[PDB]
Every structure is written in structure tokens, then in C-alpha cells.
Amino acid sequence: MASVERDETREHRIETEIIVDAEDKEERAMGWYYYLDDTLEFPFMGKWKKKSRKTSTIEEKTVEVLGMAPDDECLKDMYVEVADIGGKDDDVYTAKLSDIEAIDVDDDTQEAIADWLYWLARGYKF
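Residues numbered from 1 in each chain as written, not as in the entry; some residues may be left out. Heavy atoms only, no water.

- By the method listed in its record, solution NMR, this PDB entry was determined.

Set out below in C-alpha cells:
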């Protein structure tokens, strides 16, 4: 198994603390989104560890992460708005938080981002 998480305590806690009011994946995406955006000490920065190359190799684009994307896009994945400080610098795009590594951010922001990544790797249940 992935073993990124291996004890059910975090699954019981998140169930009883973050998505108590939600019973379907669309609602639970909004539960995740709400607390995550409220926890992100945005704006911040990261590296977009983009795997989408033709060779499927990782590529690393330095980005300023403006905040979460519109909630309407985030019904399925925790998207974030990003500016290409590693390239274009003067324009903005959207990225999967799932495809980013946060840099030089506050501990509670880094932990929220890490916990999304760990959850997603442990299983995309919602």
C-alpha cells in the first residue's frame, strides 16, 4: 500500500471535524476547500512540480500562489491561482495544489497543503 498514512485516527478526525456537514463528494470538496482556503496564509510561493511533459518527467516552475481558485472549479481538486514568477512573471494561470510544492510559507499553510497531498495519495475517496 501507499503507507503515506497507515492509521485511521486522521480519517476519523477529518470525518468528525472537517466534513461533518457533507455526505457526497461534491459537498466534501467544498468542506475541504473552505477550511483549506481559510488556512492558506496566501499569497505565498511554491514550485509547480509539473509532470505533464511529453516524457512524463517532472519539470519545476517557480510560482507565486495567489490563493485557491474559484470554488466552482474546486468541486473535484484543490486548484490554486498561480503567477509564473519563474517565467512569464506578469501573467496568471491555475494549477492543481496536488501538483505543487509549497516554499517559504507558514507552518499551518505547509501542513494543510501536505495533508491534502497525503490524503490524495492515501486515496481519492473525495
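Some thoughts on the packing of aromatic side chains
Then, number 1: Taken as a whole and judged by the stated rule, the model has four aromatic pairs.
Then, number 2: Here the aromatic rings of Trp32 and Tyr35 are separated by 5.6 Å at their centres, their planes lie at 50 degrees, and the arrangement is tilted. Here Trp32 pairs with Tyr35, and both are found in helix α2 (residues 25–39), just three residues apart, close to one helical turn. Neither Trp32 nor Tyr35 differs from the other in exposure class; each is buried.
Then, number 3: Ring geometry for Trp32 versus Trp116: centroids 5.2 Å apart, planes at 75 degrees, classification edge-to-face. Of this pair, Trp32 sits in helix α2 while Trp116 sits in helix α3 (residues 107–122), and the two are 84 residues apart along the sequence. The same class applies to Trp32 and to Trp116, which are both buried.
Then, number 4: Through pairs of rings, three or more aromatic residues link up here, namely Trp32, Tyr35, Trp116, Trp119 and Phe126.
Then, number 5: The aromatic ring of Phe126 is capped on one face by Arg28, whose charged end is 5.0 Å from the ring centroid.
Then, number 6: Over the ring of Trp48 we find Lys50, and its NZ or CZ is 3.8 Å from the ring centre. (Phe/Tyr/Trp six-rings, centres within 6.5 Å; stacked < 30°, edge-to-face > 60°. Helix = DSSP H or I, 4+ residues; strand = E, 2+ residues; numbered from the N terminus. Buried < 20%, exposed > 50% of the residue type's maximum accessible area, 1.4 Å probe, protein only. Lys NZ or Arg CZ within 6 Å of the ring centre and 35° of its normal.)

Examining the pattern of salt bridges
Then, number 1: Tallied over the full model, the rule gives nine salt bridges.
Then, number 2: The closest approach of N and O atoms between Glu11 and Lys125, which form a salt bridge, is 2.8 Å. Here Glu11 is found in helix α1 (residues 9–17), whereas its partner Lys125 is found in the segment after α3, with 114 residues between them in sequence.
Then, number 3: Overall, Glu11 belongs to the partly exposed group, its relative accessible area being 27%. (Salt bridge = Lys/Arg side-chain N within 4 Å of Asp/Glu carboxyl O.)

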